[PDB]
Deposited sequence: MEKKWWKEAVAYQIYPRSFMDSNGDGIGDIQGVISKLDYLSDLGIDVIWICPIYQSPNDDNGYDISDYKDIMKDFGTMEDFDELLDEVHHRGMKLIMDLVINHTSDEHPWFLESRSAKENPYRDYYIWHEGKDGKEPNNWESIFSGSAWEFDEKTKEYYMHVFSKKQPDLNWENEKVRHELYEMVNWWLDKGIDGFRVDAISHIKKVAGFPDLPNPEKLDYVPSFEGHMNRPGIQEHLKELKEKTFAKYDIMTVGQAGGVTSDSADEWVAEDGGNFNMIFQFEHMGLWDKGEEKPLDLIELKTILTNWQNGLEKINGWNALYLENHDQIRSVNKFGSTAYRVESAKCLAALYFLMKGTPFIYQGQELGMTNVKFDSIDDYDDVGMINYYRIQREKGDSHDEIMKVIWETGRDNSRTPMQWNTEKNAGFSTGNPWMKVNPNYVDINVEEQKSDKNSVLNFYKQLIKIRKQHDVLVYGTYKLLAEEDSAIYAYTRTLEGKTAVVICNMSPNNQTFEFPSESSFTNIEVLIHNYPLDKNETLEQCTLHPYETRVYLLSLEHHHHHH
């Protein structure tokens, strides 16, 4: 019923995808050079992370010119070539729309900060201090205060994210008008839509009241002051009417603070802000084995919850903000098996699946010895803030190694040449040493590779409508090792069975005129009875019943 429901999306982090000119930084001509790879994978939609002019304090999410390409990545002519090549391959491109905040080097902010009476002052969020300190006790998501003092005008500006990412004032009609014009300027070029960044953060609680601080911390996590706050829907409804609704595009909103039963306004077919949202509930399961049943509960709540409102799920396990999914949800002791198990698990639920670069190879976390090898502004600021407070170097590195999103930002691993073929120079972030084992070139020619498993997943989803539009139903809910579910559409039922445990397990097949195995990550045992499945660690199978 919709092209974006049937699509499989691939997410490119361009700084780490392909360097075409030896400076160690991925670029647009690098992306163009690998479009055959994404075509051959079977990708329908490419989401490219921000490629706009940026000082790169937050690697593109701090934008200083919305209408110019980041110099590191190329020019508008390179972008025009990329879009032309993508569209001639029958693929689509969505851009990363970043309008909660700008760079502090954006011309609007350079005007805004210059004087209280500057006409751009109210484009951002300014407030006098309180009792000689910040206007309130809110913490930035990147640690430290959510307020930065301006010596010249003697006021603080708010930044939910880095000090170089001042938040835009969405209560200002002039701001909204300029943002809508710029969105439509991009849409007029014929891009196919947007992933909408941090979009849950655009409504701040008026008066910015202090939050509880019983532990007398320096600052306190401030989501209750700015994540999905009452009043946000007025802005998002206007954004949709003034921009997205005028074009045949897809939108996926990155929307924290939305629950599976309160998602109508965000994604309902009748009146939702977006076609689909990224929600974070399944990415917050920290400890000793993974709580499989809590994962079932979360994902099933979203399957059932959006089915009731005619919404649509964005399916994912990886992106540029998370650690690698083999680490987070699988096992490094069963890297290939668990990568495939996880793939079948998340990809075949009802929704639009996203593949993050390297996920299709089973890429895993890195451990660099030195803080100087890392880049993430959030984790570097965390280091500095916590080191100042007396946290030891080793305690801080443990947090960065186990939770830091730099784990997903190491160069894409193309082959076993220098830098895994990502660059002829010195990569901006070092390649994971396991590229000698994990790389596209080796996986292409190995029928058993993670890459070719993803290829077959994409193919079976395209060829069987039940895997796109079939109703989801959780099976065997209480089983602490097996995640199993069905997809049903008329006379076809797909059964997805995943042994999400590092042990052998036995599972009773749910009890058709015909049965077919669509995909499997272990050799099939001829003597095995369908009724009593003897599953190996992280074994997955997908059956098709008529």
property	result
In sequence order, the deposited-sequence ranges that have no modelled C-alpha atom	1 to 2, 290 to 293, 518 to 520, 556 to 563
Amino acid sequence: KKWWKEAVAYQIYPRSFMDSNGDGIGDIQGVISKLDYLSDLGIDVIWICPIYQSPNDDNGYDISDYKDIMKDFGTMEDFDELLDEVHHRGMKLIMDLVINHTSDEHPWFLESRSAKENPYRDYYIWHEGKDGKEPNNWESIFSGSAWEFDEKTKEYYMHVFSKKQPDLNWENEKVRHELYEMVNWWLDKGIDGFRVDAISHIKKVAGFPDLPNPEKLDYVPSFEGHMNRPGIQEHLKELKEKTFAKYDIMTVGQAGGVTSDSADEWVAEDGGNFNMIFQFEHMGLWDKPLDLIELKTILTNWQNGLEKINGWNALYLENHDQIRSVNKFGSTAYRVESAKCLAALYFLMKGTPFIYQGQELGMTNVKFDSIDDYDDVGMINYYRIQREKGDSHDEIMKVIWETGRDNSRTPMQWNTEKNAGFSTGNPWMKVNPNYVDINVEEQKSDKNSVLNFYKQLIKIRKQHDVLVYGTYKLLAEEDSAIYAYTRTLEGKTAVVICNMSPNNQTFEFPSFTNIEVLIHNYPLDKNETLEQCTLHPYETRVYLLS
From here on, numbers count along this sequence of modelled residues.
query: Greater mean Cα temperature factor according to the PDB record, 383 to 391 or 400 to 408; finding: 383 to 391
query: 95 to 103 versus 369 to 377 - which carries the larger mean C-alpha B factor in the record; finding: 369 to 377
query: Peak C-alpha temperature factor (PDB record), options 360, 192, 234, 139; finding: 234
query: Residue of maximum C-alpha B factor among 254, 262, 251, 143, per deposited coordinates; finding: 262
query: CA B-factor ranking of residue 20, expressed as a third of its chain; finding: middle
query: CA B-factor ranking of residue 161, expressed as a third of its chain; finding: lowest
query: Lowest, middle or highest third - CA B-factor, residue 151; finding: highest
query: Record-listed C-alpha B factor of residue 32: chain third; finding: middle
query: Ranked C-alpha temperature factor of residue 312 among modelled chain residues, by third; finding: highest
